[PDB]
Amino acid sequence: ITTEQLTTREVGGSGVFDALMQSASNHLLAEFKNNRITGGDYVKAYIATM
Amino acid sequence: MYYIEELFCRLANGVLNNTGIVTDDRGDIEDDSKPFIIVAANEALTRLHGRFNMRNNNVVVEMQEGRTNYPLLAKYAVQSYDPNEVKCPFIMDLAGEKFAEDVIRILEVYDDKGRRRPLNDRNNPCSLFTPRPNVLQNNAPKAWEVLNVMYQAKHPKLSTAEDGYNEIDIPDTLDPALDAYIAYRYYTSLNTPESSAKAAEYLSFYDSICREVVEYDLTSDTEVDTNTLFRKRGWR
């Protein structure tokens, strides 16, 4: 087990932390594409879960 | 004097930039969200045209023998009447335009002989009444009688249905008021507290811009005229 298996320092993926962030971002964007929230709410929730 | 697509682009670039309505490339509004914007734009245009008295339009009404109520609708216009339903139309549109139904208030009515006809005067027998804001009465129709109606008008309906009006005609000083009203409608519709605060901000901006335009008189709303009662009353 190495550090690169935890996070690869990229937004893309191939890490546990990166995948955990991307899934939450995908769910928030899914709610965002429906006219239910704006950009600010999505950004704040993302930063909160970070 | 710009089409509806310019309005959609200007909204895609100005307000409503973060919202999920806008396409990915930020070029234009998404297809399923266009009727919302059209309804909001129509409401804003009606508000402004009611407030400011921008447009002054004219219509010609011809008088039939057995009719006393002459509603000003597009059913009875030459360019739009259905021959099966109405046998003879009494609103003439021979030269140009189609007379979209845009009657807000009636100001002056002149006979075909150049003589003015009083409106809504109970004590004058030769007066014209309006039981409804757009319906017009004359209780003694005559042969070869025609009336000209000067009325305040509103902006024709925008439809984007290959037959409606694509054009928007509005003074360039009042584009931000229209955009602010549309943004207020959207952010109120979102139903969240932060969106509610943003909607309050946009409505206040709309009111402030309208009051500024009123202060500086950019639409030339104020009118004066030379005195004519000095001679009528007998002064020398």
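Before moving on, here are some points about what is shown:
- Look at where the Cα atoms of segment A:1-41 and of segment B:106-144 average out, and the two centres are 71 Å apart.
- Globularity index of the protein assembly as shown, i.e. its alpha-carbon radius of gyration over 2.2 N^0.38 Å: 1.49
- Exposure proxy ranking, count of Cβ atoms within 10 Å, fewest first, for B:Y181, A:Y42, B:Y186: A:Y42, B:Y181, B:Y186
- Base-10 log of normalised Debye intensity for chain A (one unit scatterer per alpha-carbon) at q = 0.13, 0.19, 0.27, 0.33 Å⁻¹: -0.35, -0.63, -0.96, -1.17
- Based on C-alpha pairs under 8 angstrom that are at least 6 apart in sequence, chain B has a relative contact order of 21 percent.
- Placing unit charges on the Cβ atoms of the charged side chains and taking the dipole of the protein assembly as shown about its Cα centre, the candidate lying farthest along the positive direction among B:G96, B:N138, B:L7 is B:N138.
- Relative contact order (%) - chain A, alpha-carbon pairs under 8 angstrom, separation at least six: 22 percent
- Cβ crowding within 10 Å ranks A:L29, B:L147 as A:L29, B:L147, fewest other Cβ atoms first.
- Selection among B:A183, B:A199, B:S80 by position relative to the dipole of chain B gives B:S80 as farthest towards the positive end (Cβ unit charges, Cα centre).
- Counting only alpha carbon atoms, the long axis of helix B:4-13 and the longest principal axis of chain B meet at about 30°.
- Label-to-label distance, nm, for residues given as A:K33 and B:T173 (7 Å Cα→Cβ offset): 4.5 nm
- Proxy reagent accessibility, fewest Cβ within 10 Å first, across B:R132, B:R117: B:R132, B:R117
- Rounded to 0.05, the FRET efficiency of the B:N17 and A:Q5 pair, given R0 = 45 Å and the Cβ-Cβ distance, is 0.70.
- Here, P(r) means the percent of Cα pairs in each 5 Å bin from 0 to the largest distance; for chain B it is 1, 5, 11, 14, 14, 12, 11, 10, 8, 6, 4, 2, 1, 0, 0, 0.
- Of B:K113/B:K232; A:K33/B:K198; A:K44/B:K34; B:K34/B:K198; A:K33/B:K157, those spanning more than 26 Å from alpha-carbon to alpha-carbon: A:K44/B:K34; A:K33/B:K157
- Sequence-distant residues sharing a close amide H with B:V109 (under 5 Å, placed H): B:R117, B:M150
- One chain, two ends: B:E6 and B:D221. Fully extended at 0.36 nm per residue, the span grows by 74.6 nm beyond their Cα-Cα distance.
As a convention, Cβ positions derive from the backbone with ideal geometry for all residues, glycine included, and neighbour counts pool all protein chains shown. Here, each number is a calculation from the coordinates, and none is a lab measurement.
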